[PDB]
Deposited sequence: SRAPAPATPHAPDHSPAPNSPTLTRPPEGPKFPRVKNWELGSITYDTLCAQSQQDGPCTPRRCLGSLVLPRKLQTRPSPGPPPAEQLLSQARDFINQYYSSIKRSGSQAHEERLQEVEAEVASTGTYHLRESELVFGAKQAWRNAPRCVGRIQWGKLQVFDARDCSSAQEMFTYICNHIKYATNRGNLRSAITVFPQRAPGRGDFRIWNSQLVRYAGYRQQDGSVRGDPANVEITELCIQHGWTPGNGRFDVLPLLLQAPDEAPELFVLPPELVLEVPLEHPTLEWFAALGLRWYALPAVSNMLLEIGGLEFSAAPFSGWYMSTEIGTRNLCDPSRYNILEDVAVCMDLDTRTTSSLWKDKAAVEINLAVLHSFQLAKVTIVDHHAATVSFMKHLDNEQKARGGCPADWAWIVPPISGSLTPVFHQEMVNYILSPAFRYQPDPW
C-alpha cells in the first residue's frame, strides 16, 4: 500500500502515501517492469472538481462558499459548452503543480519560484513571437536567469492546436551535406530543413541559431527570426587548459522547452513553453560528447593526450570530466546561472525531504534523477525513489506534422 523507501547512504527509511492520489496509470505491470522506457465530458468534470479542490486547499479556503460557487460555475460551464476556462490565479497554481509533479525533474526544489505569463489572450502567430520575446527577455535577465512559463490558449476539439514546431525556443542548426554527415547539431536536423522548407536562409556555422516556427489553430506555420541580441550565448573555455577554446565551442544560456503539452484539471494547452536554467551535465556530457549529438569526446582527448587505441585507458571519462568542467568555469565566468550535478542533487534530496513533509512524498523517476555521469557520487543514487503519474502534469505530444 505505502512502499517503504529506504535511503542507503544514511539508513533513512521513509514511506510514501502520495501515490494513492495518482489516479492515472503507467507502463509497469505485476510481472514486468517497464521503468526504463522513454515514452507511453463524463470524465472532464471529474478532473475539474478535483483540481479545483487541489486549488482551494492550497490557499486553505477549501470548503468555503467561494470554493463551491466555483464548483457551481465550472460544473455548469462544461454542462453547456463542453469545456471550461481557468481564472489566472488558478492556472498559476496549476502550472506550478505540473512542475512540482514532473518526476523526471531534478530541479524541483525551485518550483515555488515560477513566473506564469498568461498568453491565453493571443490569436496570431505574430503575437505569439512577441509573447515569446517577453518570455525570453524576462527569463534571461542577462545573467541572473529566472524560471518562467508562458501559456498559450487551451485546445478545443473543433479546431487545431496552437503549436510551437521546434522543441526548445533556442536550438542550433543541422546541415547534412552529401557526406551523410552534419555540420552543427544532429538532433536539430529534421527541424532545420522545415525552416528551409517554410522559407529560411540557412547558415552553416557549427552553432547557427535557428528561427522559430509558430503555428496558430489551423494555418500554415510562420517563421520568426530571433533578434540575435536576445539570445544569450556562452563562449566555452577551460580554466587550466589554454589550448581549448581554439575549438570554437559554445552553448546558449536559456533552456526553453517548447514541444510539450500541459494538462490542468483536464484542460490541455498544447503550446505552453517553459524555461529554468542549465544543469552542467546537460550541456557538457549529453549535448556535447554524446554521439547521437555533437560528439566531441575524440578531439577533446586527442588534444588532451590519451590512448584511444584502448577503452580501459579511460580517455572517455577523463575527457568528459574536463568538458563537464570547462563548461562550469566558462558559465561562472560569463556570469550566467548554472547548477552543477552535485550542487543540484543535494538540494533535490532536500526537496525529496521537504515534500515528504507536505504531501506524503514525491514521485521521482530514479533512472533520470541520477546524473548522466558519476552517479554513485551523488546522494540521489543511493536513494530509492517512487515514480507514479500525478497532475497537473506535463506530457508529450505528436510532432505537429
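Engineer: Enumerate the deposited-sequence segments absent from the coordinates, judged by C-alpha atoms, in order of position.
Structural biologist: Missing from the model are residues 1 to 30, 71 to 83.
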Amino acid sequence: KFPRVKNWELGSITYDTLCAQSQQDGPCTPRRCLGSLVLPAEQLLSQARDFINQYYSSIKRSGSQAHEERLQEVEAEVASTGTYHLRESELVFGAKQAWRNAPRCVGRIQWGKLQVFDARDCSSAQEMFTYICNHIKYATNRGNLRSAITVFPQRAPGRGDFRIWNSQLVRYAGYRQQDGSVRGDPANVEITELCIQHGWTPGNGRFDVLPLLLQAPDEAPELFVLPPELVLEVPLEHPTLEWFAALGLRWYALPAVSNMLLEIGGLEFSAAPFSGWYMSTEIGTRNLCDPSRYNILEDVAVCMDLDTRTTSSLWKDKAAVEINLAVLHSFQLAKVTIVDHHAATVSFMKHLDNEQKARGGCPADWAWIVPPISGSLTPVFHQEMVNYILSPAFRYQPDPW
From here on, numbers count along this sequence of modelled residues.
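Engineer: Using the B-factors recorded in the PDB entry, average over the C-alpha atoms of 372 to 380 and of 44 to 52, then report which stretch comes out higher.
Structural biologist: So the stretch with the higher mean C-alpha B-factor is 44 to 52.
Engineer: Output the stretch having the higher mean C-alpha B factor in the entry; the candidates are 140 to 148 and 190 to 198.
Structural biologist: It is 190 to 198 that shows the higher mean C-alpha B-factor.
Engineer: For the C-alpha B-factor as written in the entry, point me to the maximum among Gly94, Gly248, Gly112, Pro255.
Structural biologist: When the deposited C-alpha B-factors of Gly94, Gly248, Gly112, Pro255 are compared, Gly248 is largest.
Engineer: Looking at the C-alpha B-factor values in the deposited entry, which of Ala102, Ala272, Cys303, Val106 comes out highest?
Structural biologist: Top of the list by C-alpha B-factor: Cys303.
Engineer: Could you say whether, by C-alpha temperature factor, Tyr175 belongs to the lowest, middle or highest third of its chain?
Structural biologist: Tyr175: CA B-factor falls in the highest third of its chain.
Engineer: Once the chain's modelled residues are ordered by C-alpha B factor and cut into thirds, is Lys1 in the lowest, middle or highest one?
Structural biologist: As the PDB entry reports it, the C-alpha B-factor of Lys1 lands in the highest third of its chain.
Engineer: Splitting the chain's C-alpha B-factors into thirds, which one does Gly35 fall into?
Structural biologist: Answer is lowest: the recorded C-alpha B-factor places it there.
Engineer: If you rank the chain by CA B-factor, which third does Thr345 end up in: lowest, middle or highest?
Structural biologist: Lowest third - that is where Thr345 ends up once the chain's C-alpha B-factors are sorted.
Engineer: Could you tell me which third, lowest, middle or highest, the C-alpha B-factor of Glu68 occupies within its chain?
Structural biologist: Top third by C-alpha B-factor.
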